[PDB]
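J.: Chains A, B, C, D, E, F and G, in that order, are what the protein sequence lines are.
Throughout the first sequence, residue numbering follows this note's numbering, covering 538 to 807 in sequence.
Throughout the second sequence, residue numbering follows this note's numbering, covering 109 to 211 in sequence.
Throughout the third sequence, residue numbering follows this note's numbering, covering 6 to 218 in sequence.
Throughout the fourth sequence, residue numbering follows this note's numbering, covering 25 to 136 in sequence.
Throughout the fifth sequence, residue numbering follows this note's numbering, covering 16 to 236 in sequence.
Throughout the sixth sequence, residue numbering follows this note's numbering, covering 54 to 174 in sequence.
Throughout the seventh sequence, residue numbering follows this note's numbering, covering 2 to 132 in sequence.
Each residue gets a CB set at the ideal place from its N, CA and C atoms; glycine is no exception.
Dropping a structure here in structure tokens format, bear with me for questions.
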Amino acid sequence: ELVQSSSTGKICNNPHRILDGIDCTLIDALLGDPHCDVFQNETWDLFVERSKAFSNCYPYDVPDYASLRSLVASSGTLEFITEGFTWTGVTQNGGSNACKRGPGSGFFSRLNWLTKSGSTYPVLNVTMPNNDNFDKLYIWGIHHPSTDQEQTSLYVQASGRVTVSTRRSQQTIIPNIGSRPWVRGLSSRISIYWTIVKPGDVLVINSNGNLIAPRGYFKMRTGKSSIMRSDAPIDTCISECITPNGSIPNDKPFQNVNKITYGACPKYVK
Amino acid sequence: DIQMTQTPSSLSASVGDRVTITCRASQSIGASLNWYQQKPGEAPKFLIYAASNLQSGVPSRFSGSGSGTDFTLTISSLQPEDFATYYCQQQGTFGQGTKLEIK
Amino acid sequence: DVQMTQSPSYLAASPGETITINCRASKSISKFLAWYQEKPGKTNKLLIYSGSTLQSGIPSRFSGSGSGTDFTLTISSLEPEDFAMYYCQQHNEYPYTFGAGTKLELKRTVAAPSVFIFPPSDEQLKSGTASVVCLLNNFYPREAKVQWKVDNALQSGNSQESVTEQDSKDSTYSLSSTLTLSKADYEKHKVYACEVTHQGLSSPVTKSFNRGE
Amino acid sequence: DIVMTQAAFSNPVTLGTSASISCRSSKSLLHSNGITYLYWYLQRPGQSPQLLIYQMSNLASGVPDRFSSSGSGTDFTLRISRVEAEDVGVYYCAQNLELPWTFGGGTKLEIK
Amino acid sequence: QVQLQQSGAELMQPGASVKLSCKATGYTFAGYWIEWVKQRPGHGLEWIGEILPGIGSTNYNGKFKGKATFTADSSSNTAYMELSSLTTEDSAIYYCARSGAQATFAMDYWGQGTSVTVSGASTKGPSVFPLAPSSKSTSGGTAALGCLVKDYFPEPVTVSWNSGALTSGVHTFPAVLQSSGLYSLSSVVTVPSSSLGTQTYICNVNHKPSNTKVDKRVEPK
Amino acid sequence: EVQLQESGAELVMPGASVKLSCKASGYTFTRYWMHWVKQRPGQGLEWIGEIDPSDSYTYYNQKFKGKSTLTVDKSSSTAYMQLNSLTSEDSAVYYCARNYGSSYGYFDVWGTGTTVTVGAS
Amino acid sequence: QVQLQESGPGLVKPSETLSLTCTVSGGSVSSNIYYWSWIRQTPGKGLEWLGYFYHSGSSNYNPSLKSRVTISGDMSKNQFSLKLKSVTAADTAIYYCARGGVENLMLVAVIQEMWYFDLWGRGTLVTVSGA
Ligand SMILES: *[C@@H]1O[C@H](CO)[C@@H](O)[C@H](O)[C@H]1NC(C)=O
Ligand SMILES: *[C@@H]1O[C@H](CO)[C@@H](O)[C@H](O)[C@H]1NC(C)=O
């Protein structure tokens, strides 16, 4: 027949640069989850995301998750550059016992949890201009305290606000205080947002509470790499194409192994 | 569309035993499974969230696990107070319930 | 880090009087300074926070004032229950720094110390160590100071002192100074004396004894 | 950029015996995938370059088993078991762990 | 009705580690910071750090970054402080205090205070010696006499005269650490000079940690 | 079998533009990316950028962005490089090289390097 | 803490409309992270989820009931009600009013929408009979 219908069950390590997220989801590696600290300055043609990947840091959700995942995956890099943000009047490097970095409390390595300094929490109004020649991706978030008492204790203001703005657009997020079900012993949550800062544009972070500040930017590039969900193991074989079921020979005019494919292999037919 | 079977329907165990309750989803539901305990004559209690996260006041002997299609609720040391029906829940569908009975 | 200087460390007053405790911060702490009351047998009490806002349940006679680097706690019409230790603690910067604290003691008329000196006992000597102790009883104020004299020579460093708190029955203090000398060292000297200097004494008091008596 | 150095103005290699060419990188070329993304390209005189070794210890289709490469960290070596008259040329070490591609200055073999 | 209940006193050898506890009641534990304060004689209070039990957010004084470690058991409404590599300098009283926004983060509710003593000395009973009155003079005015309790460990000893019959006019001075590592203490009473002959006074000393009870007869000269 | 024949020697005045081509024959053109490499004697070997003929996606070395643009004609299986604002430093030999993997692939086969010399003579 | 307490007629005739009201104590029905839901329990079929109501007015009902259910809030009284039109003999069961919420946590690679019912009422038996 002219239809390929069987995969070897493995993903060839060549020629595409496969990066295996053993226990890490792309976003987990992006934020710097404690068990995902091995992904730094990474590169890939195809990020393989295992169905068994799990998060182990602070519980969080990503509004507009698909867009961020697609953007980062298409970038083909996780090059993170630290920036010297000047957070005056707030305590930095906040953490939680739900995110065990070492033996004690910890947090995402790429996010900066700002907390009240002493008995006050000023209106942060920092700004980092993008004088470089590449798009900068800033990952920040807004913390959602479980109670009004927790909100005031962490952040002196009774109701916080995060306004990240640039020339193109702005996002204003108001935290939703309330008790959620425990996840690793926490009834609070974190929402992760992202902002692309084009060259010559300026990032403006204005906040009076609940800001999970960024520590820097991810150097974005206009790549064509991709991300794929697959439990197939990676073997030292060679195949010009990859499918979630694994590599498939790409010589036949057609294939029906999967509709999702990466690389140069035939058109899908039901 | 999503349907999900909880087995066994009712199992007999004795105090101090290790008991495992299995709830199987027809499709991969990630970790979107919650476990509820209902002692007779009471409303169900919210035990485990996201298939592994124990809730406030739930004894540490309870533990949930699994991902994808197969989930398990395990009680390390069945105590007298743990006699109750256990329901796995995924969004709007509740499992058929495991009438855990004392031997 | 903000060093907090609290003065006066020792304050004497009587019921019905008005007193003020000055606390100074090495750098501006805006208005975030709090005053605590520590007294034996109960948990520390928060009196004032944010400079002037007195805590709920605190009597109105406690007043706070100041901003920046100078602050003041004013207690008017002291009750007998107000005599205690007071601490100023800034909560503007992050490493919370407390003041040294001021002991607020009940005033009284000056009283001279009764000076006694006790030679080391024979039982103490048989252990090979000698401990001569000079005692001051029921004096006021707390500023009494003593120095040991053995023969003509003065001795220092080898003596320990301890002072009891105010005796509520008469508001006086008592002080004991013990000089520790090994049997050999004790035997090399003849006469031991304790010099007592106190504001309530017209001239320093000397009590002395000769070894063997 | 990752800079590749190929200090090899004249590498004396008497014909017949083994020869070695050394390339060094300012950054480790080992990817998190376990592969080292070094490449060795041979440009024979008056000819376009051709691939000898891709990554390491992997040979091109037509490359003889004479050529073999290995290394660790940030210093790599190309070892030729036997050198023939046809192996004279410039051997560029290239890396693409981080784009853009960076090529070494290229080392020219000289026979004794 | 808010109170922070703290564990009892501790005795640790140098280099050991102790875990102080502070049980909170009367309020939602997870919402308020729990402060930890160190008090030792001659130094006043000294802030160690704080932990927000709900999130586990901790923030330490730089002076205590490695020494202390805060944890909170949310199910028990308890906050813990683990002191590590204890030294003689750590002998102090440790307070846990509640801190929240209602009081502008001034710690408004305090614990009773846990006293931890770090000392390598071996437990031993007191040695009692008499302070016989009439040192050089025979008699005059009111006579003073006492008993020197020396070289005991650990604290506290309790001293009474004539089994409580002579509580009036007796001063028991605080015990003082000696360079040897053992506490020493003095108890003195003032009596009429005439009472010296017709009466002999007994210094009662009891050191429960050593289960030692001593009664000593003090006579002039 | 797989060969990449390029244009011959090009002579163009400074500031002008030239349109280098690379006829790819012996394989399915749309199934492999194309790389372009610049060689100047003594100065070494320099990478320009890569193009995916399947959808004309291109990624350039920064120092060559704008200085050159890559494009393909899928019908004739020919890959084109256009150089603009030429200067003396642009005199070089340009190699079109087939790519075996994706964006991060490696030069699999190199074409017959086309030399370009800049000057009016 | 928050307590839920449902009330309403325990007996309903067939073909009528069933009405129940859950009054929330210690909390506000106007919260924007919790939905308020009704779950039905009968011995022969286990727990069945009827639908849920948000303060903003969004609602969701399971298709198993052909739009017979309707959940609405009365925020001036801290109440939300269940209206189950054209009741039948099969609708006799214990009815629980439960607080819940919807979350999209990133707990696992495959993101899934999680519902929970963390607070439940006592449950009230509702009989549907012609007696
Ligand atoms: C905040 O920063 C922006 C940009 O640096 C500036 O225009 C503005 O005046 C600052 N202050 C406020 C209150 O926005
Ligand atoms: C490939 O995997 C998908 C999803 O797991 C499945 O639907 C499909 O049938 C698989 N194909 C083969 C050939 O196994």
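Would you verify that the beta carbon of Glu17/G is, or is not, closer than 8 Å to some beta carbon of chain A?
T.: In the seventh sequence, the residue the question calls residue 17/G occupies position 16. Not closer than 8 Å to any Cβ of chain A, the Cβ of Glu17/G fails to qualify, so no.
J.: At the level of alpha carbons, what is the spacing between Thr111/F and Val701/A?
T.: Here residue 111/F is taken as the residue at index 58 of the sixth sequence, counted from 1. Here residue 701/A is taken as the residue at index 164 of the first sequence, counted from 1. Each residue's alpha carbon lies about 32 Å from the other.
J.: Assess contact between the region 20-38 of chain E and the region 110-126 of chain D, defined as three or more Cβ pairs (one per stretch) separated by less than 8 Å. Is contact present?
T.: No, because fewer than three Cβ pairs between the region 20-38 of chain E and the region 110-126 of chain D fall closer than 8 Å, the two stretches do not touch.
J.: So which residues put a beta carbon under 5 Å from any heavy atom of ligand 1, going in chain order?
T.: Those residues are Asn662/A and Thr664/A, given in chain order.
J.: Under a CB-based cut-off of 8 Å, is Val693/A close to chain E?
T.: Here residue 693/A refers to the residue found at position 156 when the first sequence is read from its first residue. For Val693/A, the answer is yes, since a Cβ of chain E falls inside 8 Å of its Cβ.
J.: Under 9 Å between beta-carbons, which chain C residues line up against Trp62/E? List them in chain order, please.
T.: The count along the fifth sequence starts at 1 and reaches residue 62/E at position 47. Within chain C, the residues near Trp62/E are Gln94, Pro100, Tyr101, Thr102 and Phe103.
J.: Helix, strand or coil, according to DSSP, for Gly46/E in the structure here?
T.: To locate residue 46/E, count along the fifth sequence from 1; it is residue 31. DSSP places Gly46/E in helix when its eight states are reduced to three.
J.: Return the chain-ordered ranges of every alpha helix (DSSP H) run that is complete within the region 611-695 of chain A and spans a minimum of 4 residues.
T.: If we require 4 residues or more, the alpha helix (DSSP H) runs fully inside the region 611-695 of chain A come out as 685-691.
J.: Taking 8 Å as the CB-CB cut-off, is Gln119/D touching chain F?
T.: Taking the first residue of the fourth sequence as position 1, residue 119/D is located at position 95. Not an interface residue.
J.: Relative to the C-alpha of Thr773/A, which candidate in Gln577/A, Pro552/A, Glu538/A and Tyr754/A has its C-alpha closest?
T.: Translated into the one-based positions of the first sequence, residue 773/A becomes position 236. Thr773/A has its Cα closest to that of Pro552/A, out of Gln577/A, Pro552/A, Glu538/A and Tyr754/A.
J.: What is the DSSP secondary structure of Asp574/A, counted as helix, strand or coil?
T.: Taking the first residue of the first sequence as position 1, residue 574/A is located at position 37. Three-state result, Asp574/A: coil.
J.: To the nearest angstrom, report how far apart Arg698/A and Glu50/E are at their CA atoms.
T.: Position 161 of the first sequence, counted from the first residue, corresponds to residue 698/A. Position 35 of the fifth sequence, counted from the first residue, corresponds to residue 50/E. About 27 Å.
J.: Report back the beta-carbon spacing between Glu579/A and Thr614/A to the nearest angstrom; my notes put them in contact at under 8 Å.
T.: Within the first sequence, numbered from 1, the residue matching residue 579/A stands at position 42. Within the first sequence, numbered from 1, the residue matching residue 614/A stands at position 77. 7 Å between Cβ atoms; contact.
J.: Anything in chain D within Cβ reach of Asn550/A, meaning under 9 Å, just list it in chain order.
T.: Along the first sequence, one-based indexing puts residue 550/A at 13. The answer, in chain order, is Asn57, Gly58 and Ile59.
J.: What's the C-alpha gap between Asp685/A and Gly737/A?
T.: Numbered from its first residue, the first sequence carries residue 685/A at position 148. Numbered from its first residue, the first sequence carries residue 737/A at position 200. Answer to the nearest angstrom: the Cα atoms are 40 Å apart.
J.: For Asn33/G, which residues in chain H fall below 7 Å Cβ to Cβ?
T.: Looking at the structure shown, chain H is missing, and the protein chains on hand are A, B, C, D, E, F and G.
J.: Taking 7 Å as the cut-off, is the beta-carbon of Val794/A closer than that to any non-hydrogen atom of ligand 2?
T.: Here residue 794/A corresponds to residue number 257 of the first sequence, with the count starting at 1. Checking the Cβ of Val794/A against ligand 2 gives yes.
J.: Going by alpha carbons, who is nearest to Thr124/F out of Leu64/F, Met66/F and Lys72/F?
T.: In the sixth sequence, the residue the question calls residue 124/F occupies position 71. Out of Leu64/F, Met66/F and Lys72/F, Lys72/F has the C-alpha closest to the C-alpha of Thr124/F.
J.: If we cut at 8 Å on Cβ distances, does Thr628/A have a partner in chain E?
T.: Residue mapping note: residue 628/A aligns to position 91 of the first sequence, counting from 1. It does: the Cβ of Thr628/A has a partner Cβ on chain E nearer than 8 Å.
J.: Between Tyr41/C, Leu51/C, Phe88/C and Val137/C, which lies nearest to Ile24/C when the distance is taken from Cα to Cα?
T.: Reading the third sequence from its first residue, position 19 is the one you call residue 24/C. Residue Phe88/C is the option with its Cα nearest to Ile24/C.
J.: Please confirm whether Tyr194/B has its beta-carbon closer than 8 Å to some beta-carbon of chain A.
T.: Counting from 1 along the second sequence, the entry for residue 194/B is found at position 86. No, because no Cβ of chain A sits closer than 8 Å to the Cβ of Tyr194/B.
J.: Got a sec, what are the start and stop residues for the beta strand (DSSP E) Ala189/C sits in?
T.: Indexing the third sequence from 1 puts residue 189/C at position 184. That residue, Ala189/C, is in no beta strand (DSSP E); its alpha helix (DSSP H) goes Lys188 to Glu192.
J.: Out of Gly95/D, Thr131/D and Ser34/D, which one is the CA nearest neighbour of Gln96/F?
T.: Against the sixth sequence, residue 96/F aligns to sequence position 43. Selected option, being the one with the closest Cα: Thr131/D.
J.: In whole angstroms, what is the alpha-carbon distance linking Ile710/A and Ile679/A?
T.: Mapped onto the first sequence, residue 710/A falls at position 173. Mapped onto the first sequence, residue 679/A falls at position 142. Going by the C-alpha atoms only, they are around 7 Å apart.
J.: Among residues of its own chain, excluding the 5 on either side of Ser114/E, which ones have a beta-carbon nearer than 8 Å to its beta-carbon?
T.: Looking up residue 114/E in the fifth sequence gives position 99. Counting only Cβ-Cβ distances below 8 Å, and skipping sequence neighbours, we find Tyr47, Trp48, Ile49, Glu50, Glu65, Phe120, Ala121, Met122 and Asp123.
J.: According to the Cβ coordinates, are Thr185/C and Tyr178/C closer than 8 Å?
T.: Within the third sequence, residue 185/C is the residue found at index 180, counting from 1. Within the third sequence, residue 178/C is the residue found at index 173, counting from 1. Cβ distance not < 8 Å, so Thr185/C and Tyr178/C don't count as in contact.
J.: In three-state DSSP terms, what is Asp111/D?
T.: Residue 111/D sits at position 87 when you count from the first residue of the fourth sequence. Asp111/D falls in the helix class under three-state DSSP.
J.: Against chain A, with Cβ distances strictly below 8 Å, would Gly126/E count as a contact?
T.: Within the fifth sequence, the letter at position 111 stands for residue 126/E. Not one chain A Cβ lies under 8 Å of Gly126/E.
J.: Could you check whether the Cβ of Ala635/A sits closer than 8 Å to any Cβ belonging to chain F?
T.: By one-based count along the first sequence, residue 635/A stands at place 98. So no, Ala635/A is outside the interface.
J.: Suppose you measure from the CA of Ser78/F to the CA of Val171/F; what does that come to, to the nearest Å?
T.: The sequence position of residue 78/F within the sixth sequence is 25, counting from 1. The sequence position of residue 171/F within the sixth sequence is 118, counting from 1. When rounded, the distance between both Cα atoms is 29 Å.
J.: At a CB-CB cut-off below 7 Å, which residues of chain G make contact with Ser118/B?
T.: For this step, residue 118/B is matched to residue 10 along the second sequence. Simply none; closest approach about 12 Å.
J.: Do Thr18/G and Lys86/G come within 8 Å of each other at the CB atom, strictly closer than that value?
T.: Taking the first residue of the seventh sequence as 1, we reach residue 86/G at position 85. Taking the first residue of the seventh sequence as 1, we reach residue 18/G at position 17. Result yes, Cβ atoms of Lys86/G and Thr18/G sit closer than 8 Å.
J.: When you compare the region 29-45 of chain G with the region 95-112 of chain G, are there three or more beta-carbon pairs, one atom per stretch, that lie closer than 8 Å?
T.: Yes, the region 29-45 of chain G touches the region 95-112 of chain G.
J.: Who are the neighbours of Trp719/A on chain B, taking C-beta pairs under 8 Å?
T.: To locate residue 719/A, count along the first sequence from 1; it is residue 182. Result: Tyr157, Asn161, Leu162, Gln163 and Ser164.
J.: How would you list, in chain order, the residues of chain B whose beta-carbon sits under 7 Å from the beta-carbon of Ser588/A?
T.: Taking the first sequence and counting its residues from 1, one reaches residue 588/A at position 51. Within chain B, the residues near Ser588/A are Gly176.
J.: Can you tell me the Cα-Cα spacing of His681/A and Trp650/A, whole angstroms?
T.: For the purposes of this step, residue 681/A is taken as residue 144 along the first sequence, with counting starting at 1. For the purposes of this step, residue 650/A is taken as residue 113 along the first sequence, with counting starting at 1. So the alpha carbons of these two residues sit roughly 12 Å apart.
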